[PDB]
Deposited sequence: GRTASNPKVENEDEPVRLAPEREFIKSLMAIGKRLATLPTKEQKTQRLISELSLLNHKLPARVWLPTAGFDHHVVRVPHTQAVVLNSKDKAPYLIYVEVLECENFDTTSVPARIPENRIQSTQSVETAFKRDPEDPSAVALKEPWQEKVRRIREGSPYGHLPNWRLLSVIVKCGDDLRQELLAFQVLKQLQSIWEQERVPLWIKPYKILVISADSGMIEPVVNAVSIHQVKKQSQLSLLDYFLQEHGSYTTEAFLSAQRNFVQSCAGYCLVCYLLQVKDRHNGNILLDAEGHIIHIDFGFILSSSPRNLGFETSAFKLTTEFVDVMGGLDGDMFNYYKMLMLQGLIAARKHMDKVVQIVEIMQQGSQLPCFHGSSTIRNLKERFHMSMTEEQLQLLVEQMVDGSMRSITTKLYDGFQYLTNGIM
């Protein structure tokens, strides 16, 4: 029995077909009801010789818990999120399809699904998640994912301890795809809404006090991820940054999501911004303030990260150029997109100049901080303060 492709195609198509039927429904409530029925049907055919390509390890799909999926918010479309139970195997080509067994945080979902699943006792059981978008073009997300992976590889190679979290994208059609969500994390919006704390106070409560290893560890993770995404947002010109599309994980890292406006995507910023990455007071406070060692570390990481990126520039630009040749995406706008991208690597600068640039960029990223208004008047008047 060779690895047959038709089962897999039918599986992927079934997920898209579900989305299409949900999209005929006006209300979220109705889509939720329909989704339960749809997933129950899917389970008729499982386990099967099919896989979720976003897994990143060989496995068979065994179950899609039909009550546990989520219809996501959409004005027009019908995006949805499913949890998918799989059994890991070492080699998919040699492994037989598993025999059927008859019938909040990530951590609680995993617990509840495992307990309710006839497969949940198996040691090779794993829960995966995927967002199915049957009417959204994900090629721009895929480009971002490819670039993020490349930057991650560059920083690893150059031993720069920046941290980012590329999330997997599958492009199905020109107007459909799949996204592996980042599950161990909540938007900063919700972290603040639920806790009613600043991020600093949240860290002190959740991780520990200033003298604790946990606090320092979380702070280090926050800085390394902040620096990583600062560079990502600058190089890719990621726009539409807000607390709804920045997540916080249980380790203190931030994760940027939703790359719907990158590179030359309209509308262009008219406020002379170097990047839409904004370093708020709240963020600077987590780093222990403007004069703090962790803020200095942040700036050092930005410089070492940019040095590393610059050194391997062609690896990143090539990814963008290949995507541009194949596709007519909104983030491309004729010649200038690539020119401007290359210029953001600062190939002509010395490391001394790059250090000065990082200072300017960091200063600019805090432009929304009220202190900058208060203490910026020397640039706007003939006074020296």
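**Q** Could you sort out which parts of the deposited sequence are absent from the coordinates (no C-alpha) and give them as ranges from 1?
**A** In sequence order, the gaps with no modelled C-alpha are 1 to 13, 117 to 142.
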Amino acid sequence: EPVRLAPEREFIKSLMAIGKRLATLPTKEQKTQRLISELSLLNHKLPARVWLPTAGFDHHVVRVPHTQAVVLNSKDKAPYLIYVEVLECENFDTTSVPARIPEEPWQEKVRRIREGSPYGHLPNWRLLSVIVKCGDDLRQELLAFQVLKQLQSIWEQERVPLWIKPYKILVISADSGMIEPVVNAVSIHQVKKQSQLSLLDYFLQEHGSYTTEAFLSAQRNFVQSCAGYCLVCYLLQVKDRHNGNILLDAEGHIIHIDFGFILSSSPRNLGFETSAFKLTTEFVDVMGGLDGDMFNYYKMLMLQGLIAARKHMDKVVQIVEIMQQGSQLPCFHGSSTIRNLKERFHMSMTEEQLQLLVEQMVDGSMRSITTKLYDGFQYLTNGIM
From here on, numbers count along this sequence of modelled residues.
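**Q** Identify the stretch, either 222 to 230 or 252 to 260, whose C-alpha atoms have the larger mean B-factor according to the entry.
**A** Higher mean C-alpha B-factor: 252 to 260.
**Q** Averaging C-alpha B-factors over each stretch, which comes out higher, 211 to 219 or 163 to 171?
**A** Higher mean C-alpha B-factor in the PDB entry: 211 to 219.
**Q** Quick one: which of 293, 136, 180, 141 shows the highest Cα temperature factor in the PDB entry?
**A** 136 has the highest C-alpha B-factor of those listed.
**Q** Checking the record values for 104, 85, 314, 158, which has the greatest CA B factor?
**A** Of the candidates given, the C-alpha B-factor peaks at 104.
**Q** Sorting by Cα B-factor within the chain, modelled residues only, which third would residue 334 end up in: lowest, middle or highest?
**A** CA B-factor rank for residue 334: highest third.
**Q** For residue 120, return the chain-relative third of its C-alpha B-factor as stated in the PDB record: lowest, middle or highest.
**A** According to the entry, residue 120 has a C-alpha B-factor in the chain's middle third.
**Q** How does residue 269 rank on Cα B-factor within its chain, lowest, middle or highest third?
**A** Ranked within chain, residue 269 CA B lands in the highest tercile.
**Q** Lowest, middle or highest third: where is residue 26 by Cα B-factor in its chain?
**A** According to the entry, residue 26 has a C-alpha B-factor in the chain's highest third.
**Q** Sort the modelled residues of this chain by their C-alpha B factor and say whether residue 305 lands in the lowest, middle or highest third.
**A** Ranked within chain, residue 305 CA B lands in the lowest tercile.
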